[PDB]
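The structure appears below as structure tokens.
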Amino acid sequence: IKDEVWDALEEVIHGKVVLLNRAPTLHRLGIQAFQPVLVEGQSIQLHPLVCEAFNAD
Amino acid sequence: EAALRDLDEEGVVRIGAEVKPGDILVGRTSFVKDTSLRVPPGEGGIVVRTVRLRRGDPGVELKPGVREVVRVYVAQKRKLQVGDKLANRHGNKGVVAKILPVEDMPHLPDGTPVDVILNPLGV
Amino acid sequence: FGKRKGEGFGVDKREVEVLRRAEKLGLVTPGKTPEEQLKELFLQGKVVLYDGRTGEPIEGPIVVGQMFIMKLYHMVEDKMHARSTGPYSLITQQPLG
Amino acid sequence: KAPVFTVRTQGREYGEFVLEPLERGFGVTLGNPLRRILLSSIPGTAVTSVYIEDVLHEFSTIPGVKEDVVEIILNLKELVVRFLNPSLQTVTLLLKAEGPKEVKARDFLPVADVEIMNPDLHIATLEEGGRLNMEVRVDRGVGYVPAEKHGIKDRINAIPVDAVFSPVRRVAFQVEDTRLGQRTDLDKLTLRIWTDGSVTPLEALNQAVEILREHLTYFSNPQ
Amino acid sequence: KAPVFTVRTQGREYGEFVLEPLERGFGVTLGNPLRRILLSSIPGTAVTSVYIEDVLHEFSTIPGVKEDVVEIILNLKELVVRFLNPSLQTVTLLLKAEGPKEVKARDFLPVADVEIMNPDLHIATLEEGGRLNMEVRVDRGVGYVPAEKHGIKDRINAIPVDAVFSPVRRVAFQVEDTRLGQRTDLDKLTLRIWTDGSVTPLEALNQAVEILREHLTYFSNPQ
Amino acid sequence: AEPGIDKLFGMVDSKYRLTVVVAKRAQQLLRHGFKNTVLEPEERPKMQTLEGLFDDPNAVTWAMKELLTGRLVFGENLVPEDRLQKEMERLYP
Amino acid sequence: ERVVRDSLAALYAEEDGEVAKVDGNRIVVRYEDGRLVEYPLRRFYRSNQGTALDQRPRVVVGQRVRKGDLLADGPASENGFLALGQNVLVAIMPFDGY
Amino acid sequence: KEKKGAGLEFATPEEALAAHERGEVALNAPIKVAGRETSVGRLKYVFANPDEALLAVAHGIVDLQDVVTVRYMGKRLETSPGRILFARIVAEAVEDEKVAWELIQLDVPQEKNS
RNA sequence: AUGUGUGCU
Ligand SMILES: [Mg+2]
């Protein structure tokens, strides 16, 4: 995995979105669509405000 | 042969080798196609011990049909990374969110910085 | 504090600001010398802290101290999934392997 | 009204610096940004990888040795090895000994233009007949470099060590006042620097200054 | 590597400057000192104190002139002048008008090397028989100094006016995250600047960088 | 947020109408060459490495930014089923 | 201190005496009764859960130990105390959104 | 709101403007004090521009919670720099400055409900 | 491939 591949990987998404699913899915707002940002680390980073939606801490 | 560069023993991988997700741990074939044992998508690490229970086994069970078993102890040392679960004795669970470098961390008037920052809203 | 007062250093301007705000807060007692104000704060487990990424002291003293924290048995590498397309099964076409 | 600069370098590990006077809050405007660069950047020297006589992996033991391999290596991080010239990029120190004796870090075989500022450092206690024959490779880098990144294979069974490059150990600044009887509200900066010895606090300070300056130049040509 | 500096300016007051990519941490390391410098170092001018004819206190009301004294005093702070030569350190603007005319900042009789960078600033609306004969002081301070800290008593019963020297109206910055193929934790400096028109944002930034450099040259002659 | 979605939702009778419109638009915009766009000279979507979004990164972004202008018209029945499919493949590569 | 001993975590002394050989694999003890009983010091034994159990020596060669005193530490002990984590200087405060 | 210090009135006292003010400069009554109707922080510090009030804050003369006098869209407002900063935040958040001051409320603190 | 058990959510 060199720089070329990563830059390409940014060019393969742009406006594309992914679906993020909670552990117990309860109501409609239990699965949201976010635009992926290539972040380091190994854990999924999730926005603060959409937590109380699908009840995530 | 590059994938066999770690395969030391006649069938068994060397001890102290570095195995990575997809690296060859054991070599064996069946009816000739390769049906060997490779390292899962997770992670290998560094081999510490290789136990092999053969046929001429001085008093063992061994599963029926099986002639010999090859067990590999692959160890690895893991540091605290963003996402790990930390807690205390008083009962505050909490996963690691960010590892700020020493410079941008709240520090005393003394040259000494802080190690961990815990939200008061959890109290 | 004795270390600093002795070594040739005194009450930092930032410390003084934080104390001034702490008076209005209600922690320190109005009247004492900055050293004694800092004493009163230190007694309450609280101590002047600097933002670190700015130098600006956090306006309002915060309780600091060493506590016992344990890394629990969970990790993240133990639980990481990301496959797009791979093996399936001969008996059931639902993807796993 | 021209800023005066005072130096109080006690030895080679500790260093203190004074700047007085500064106009209005310009102490914090200089104190912090340097502390950032002193802790962040600055070229350091640490141990990158090590090869032991019969040890294969990091998770082993050695006859005659109280400390297991991981613990021994863990001590090598607390070692300081000061070079002399920039040319020295990869000094492979050597060490071998036996007999009941605490192997201090003062036992490493000396090299041309290289000095170990940290002699007393405990490596491993040797037992009756205990003997260690090891090659400790030392590289020059900057900042924190996890061993799980470089993995420098000096020998073949050499085990990589977390590279902690940062001669500056601690930094703190204080903002006092006085001087110039006209305007009262003035600043007096006092920057205290503690370094591991491989780089004297003055050298570190100057390097940091150069860094910041170079970064200031960047605002030149707009687009 | 080398960070590029991109400008998005909107006239003479507002500019947005983006320097990227930055080494980790250097975002705030560079952005924060400048912010302090900008809001307190840039040499501008302001109205330090004003004398009016039939006005004794700061909280008065002069019949014939609709706007309360304090309201006028605010507008006095809202104007920005500029001195052509460095010689001018303290200058006094003169003003005189009567009747259903109104006074704008251009009515102040131009004194020598004094430019008014903002003429149509409303000073005061006057009624029938509304007499208004005032005078205003202008110093070359640096930043913000509350009225009850100086209160230059130019005349006998003049009024202290809060001196809003600092040409920049406000300066805000943020450090976003940017990637470079390998790493994504690279700091990205975005610095927005709001001025009064005395000087364009880019010029002010130039000022900031210079001021910082000159300070970095102070750590050169140890004692 | 997205490219002026409030204009888009109001633009149609049902919210799903917009989704189908955008989708199909993207589809034909990708299947019959990315040239059959209705705003390619200067007012067009672009990207960050080069300005090369001018060709073919995303399909939907285009559809949404297009509908924003009175260049396209949706509706139930407008053109015969087969004929549309034919001529839309004829006029373009 | 009671937890580590009762849980058979670490290894203690059985009878008074001096220290013979502190290896990373053994600790030989000088019982007054003309006996030196062999002690293993096991370094990397896989726990049932996945963690690693290591016994590391805590006395130096040429020291007199007592009956019931520790000679080595368990996987979670520090000089005889239940070591189940770290002591870190914590500042309790909100920090950005992190 | 701190200790009354000395004297609590200005509901109408014509003298109290120029007088009580100096009181705070003496030592009598603190800045954000319920000195009735107003407070020395309102008389002493009147900021022309809404922006300038916030510039003063960065010079440690008035905190974002001290009640002062500002001037948003051309009128005297009895409020704290922090509150006008909240107003400004909402304003520049949605680009519409007019409804931004209309939608919010600048008379009470901001909670869950607000 | 199903049951038992525990862990976390
Ligand atoms: Mg939960």
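Residue numbers (the authors' numbering), protein chains in the order written: chain A, 683 to 739; chain B, 731 to 761, 785 to 876; chain C, 926 to 1022; chain D, 7 to 229; chain E, 7 to 229; chain F, 2 to 94; chain G, 585 to 682; chain H, 797 to 910.
No residue lacks a Cβ here, since even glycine has one placed at the ideal position from N, Cα and C.
Unbroken alpha helix (DSSP H) run spanning residue i, endpoints
i: B:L806; result: Unbroken run through B:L806 is the beta strand (DSSP E), 798-806; no alpha helix (DSSP H).
i: F:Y17; result: 16-32
i: C:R946; result: 938-950
i: H:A825; result: H:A825 -> no alpha helix (DSSP H), and no H or E assigned at all.
i: residue 233 of chain E; result: Nothing about residue 233 of chain E can be read from this structure; chain E reaches only from 7 to 229.
Cross-chain neighbours of residue i in chain E, by beta carbon under 9 Å
i: B:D857; result: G31, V34, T35
i: H:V821; result: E154
i: B:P854; result: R30, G31
Minimum C-alpha distance to residue i - residue among the options
i: E:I162; options: E:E141, E:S66, E:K107; result: E:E141
i: B:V855; options: D:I58, D:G70, D:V56, D:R175; result: D:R175
i: H:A852; options: E:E154, E:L99, E:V170, E:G157; result: E:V170
i: C:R946; options: C:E932, C:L966, C:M992, C:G927; result: C:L966
i: residue 1 of chain D; options: D:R88, D:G136, D:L127; result: Because chain D here runs from 7 to 229, residue 1 of chain D falls outside it and cannot be looked at.
i: G:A636; options: B:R807, B:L806, B:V801, B:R808; result: B:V801
i: G:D607; options: D:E133, D:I48, D:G21, D:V56; result: D:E133
i: H:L860; options: H:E810, H:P905, H:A814, H:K799; result: H:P905
i: G:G664; options: G:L673, G:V643, G:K605; result: G:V643
i: F:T38; options: F:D83, F:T70, F:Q49, F:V13; result: F:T70
i: D:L94; options: D:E108, D:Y20, D:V109, D:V117; result: D:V117
i: C:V1001; options: B:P866, B:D837, B:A850; result: B:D837
i: A:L711; options: A:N703, A:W688, A:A690; result: A:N703
Cross-strand partners of residue i (DSSP beta bridge)
i: G:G601; result: G:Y615, G:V649
i: E:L197; result: E:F23, E:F179
i: A:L702; result: A:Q714
i: D:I165; result: D:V56
i: C:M992; result: G:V672
i: G:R640; result: G:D657
i: G:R610; result: G:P624
i: E:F89; result: E:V120
i: B:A840; result: C:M995
i: B:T788; result: Answer by DSSP bridge pairing: none, since B:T788 is not bridged.
Beta strand (DSSP E) segment containing residue i, residue limits
i: E:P27; result: 20-28
i: D:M140; result: 137-151
i: D:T131; result: 128-131
i: E:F11; result: 10-16
i: B:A828; result: 822-828
i: C:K928; result: Here C:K928 belongs to no beta strand (DSSP E); instead the alpha helix (DSSP H) covers 927-932.
i: B:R831; result: Where B:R831 is concerned, there is no enclosing beta strand (DSSP E), given that its DSSP letter is neither H nor E.
Contacts of residue i in chain A (Cβ-Cβ under 7 Å)
i: E:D191; result: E722
Amino acids of chain C, ordered along the chain, whose beta-carbon sits closer than 7 Å to that of residue i
i: D:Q180; result: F934, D937
Closer than 7 Å at the beta carbon, the chain H residues around residue i
i: C:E942; result: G856
i: residue 1093 of chain C; result: With chain C covering only 926 through 1022, there is no way to say anything about residue 1093 of chain C.
Neighbour list for residue i in chain A, Cβ cutoff strictly below 9 Å
i: F:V21; result: The premise fails here: F:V21 is roughly 17 Å from chain A at the closest Cβ pair, so nothing lies under 9 Å.
Beta-carbon neighbours of residue i, restricted to chain H and to distances below 9 Å
i: E:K83; result: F843, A844, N845, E848
Partners in chain A for residue i, counting only beta-carbon separations shorter than 8 Å
i: B:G836; result: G723, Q724, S725
Neighbouring residues, chain D, relative to residue i (Cβ below 9 Å)
i: B:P751; result: Here the premise fails: no neighbours, minimum Cβ distance about 14 Å.
i: G:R640; result: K72, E73, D74, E77
Contacts of residue i in chain B (Cβ-Cβ under 7 Å)
i: G:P659; result: Under the 7 Å cutoff, chain B gives no residues; its nearest Cβ is about 14 Å from G:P659.
i: G:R630; result: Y826
Cross-chain neighbours of residue i in chain D, by beta carbon under 8 Å
i: E:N227; result: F11
Beta-carbon neighbours of residue i, restricted to chain E and to distances below 7 Å
i: H:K894; result: None at all; the shortest Cβ gap to chain E is about 20 Å.
Within chain G, partners of residue i - CB distance below 7 Å
i: B:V869; result: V672, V674
i: D:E134; result: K605
Interface residues of chain D facing residue i [CB-CB closer than 7 Å]
i: E:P39; result: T35, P39
Amino acids of chain F, ordered along the chain, whose beta-carbon sits closer than 8 Å to that of residue i
i: A:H696; result: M48, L54, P58, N59, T62
Ligand 1: which residues have Cβ under 7 Å from any of its heavy atoms, chain order? A:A738, A:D739
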